[PDB]
Structures are given as C-alpha cells and as structure tokens.
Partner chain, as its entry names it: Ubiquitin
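Next up is one chain by itself, shown in structure tokens, the form deposited without its partner chain.
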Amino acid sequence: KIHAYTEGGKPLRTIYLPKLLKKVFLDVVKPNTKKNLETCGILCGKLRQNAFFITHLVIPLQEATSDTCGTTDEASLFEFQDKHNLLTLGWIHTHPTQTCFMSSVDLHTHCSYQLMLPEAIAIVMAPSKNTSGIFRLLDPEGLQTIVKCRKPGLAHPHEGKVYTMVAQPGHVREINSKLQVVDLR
C-alpha cells in the first residue's frame, strides 16, 4: 500500500501513531503550557511485523524554559524504557505561544533520535495557534548539516534545507489505538 523512502533512498518502516496522542499530550502538560513553559515527551513503542507501534508516551524528568525542554535524568528514562522493553521512536514537545516549526535546538535534539532510528519523528504542538506538525531531518543531508554545525547560540540559523514535514501519506500512519501516558516527573 505505501513504500516510504529517505532523501537518499533508504526505506522507512511504518510508525503507527495513536490518533488521540497529541490531544492527550496537551491535556497532560497543560499546567506548563499555562506557564509558557515547554514540555517534552518520548514516543515509545515496539516493532511488530516490520512496523513500529507507539504504545507509550513517556514524560521524563526535565528542565523547561520558554523555548527549550530537555530530559534531566536520562538514566531513569532509559531504565524505565529497558524494564518495559520500550523502543525510542521519536519525541513530542509544545511551543506554548510560538508557531509550529522546529527551532535550532529542536534540530540538534532530533539529530540523536534520527541517527539511532531512521524513522524517528519530532511532533511539535503549537496550542495557542491550534496547529501541530510531524517533522524529520533530511537524511542524509540534514543530519550531515546538523552534525557538522558548531555555531554557538540557542537560536543560530542553519544554511540550506535541513528538515521537512513527514509527507501524507508517508511512513507515519495514525490509527485508533489505545495509549498509556507515563509521567516520571
């Protein structure tokens, strides 16, 4: 039905994302959003039948400013994921007030995810605009750009085309599947 490929021709397995996940994330992190504070979640799940299924939205211990969030205890996150056999399939965060895009920081953050898993996605929620989007870096070229980049500054720009929206249809398929939210904070 659908065969998806990277910019360099590599095949991308499907990620099934529960249709309710995005709203549910917003509900759970609402107290931070009210404070104009970003919140991050990890999209975790399993590989079955050559496809990935997001089963768990994991909210780690984290530090949030108005334009960054970052997990602060990677070990507790990684041990929770390993105890329950949960793969890392991508990540989701809010822009409480800004528009829907990937910031400089977002691109650097996503590069880890996508180097480990070519299918890895970044979901960005812009609740004050009622918009959202699912993104990824161009592979290889955007990944190359970000890895080579040494610029200082939280908001530094990037030369060239670096990231893109996941296409519709594409390797992400939204389905009516259940969701478990795990809050580790």
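Numbering follows the first chain given and starts at 1.
One more form of this protein, deposited with its partner chain bound, exists but is not displayed; see below.
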Please identify the residue among 123, 57, 69, 138 with any heavy atom within 4.5 Å of its partner chain in the entry with it bound. 69
With the cut-off set at 4.5 Å between non-hydrogen atoms, does residue 40 touch its partner chain in the entry with it bound? yes
Should residue 51 be counted as a contact of its partner chain in the entry with it bound, where contact means heavy atoms within 4.5 Å? no
Wondering, does residue 28 line up within 4.5 Å of its partner chain in the entry with it bound on heavy atoms? no
Give a yes or no on whether every one of 81, 108 and 115 sits within 4.5 angstroms of its partner chain in the entry with it bound by heavy atom. yes
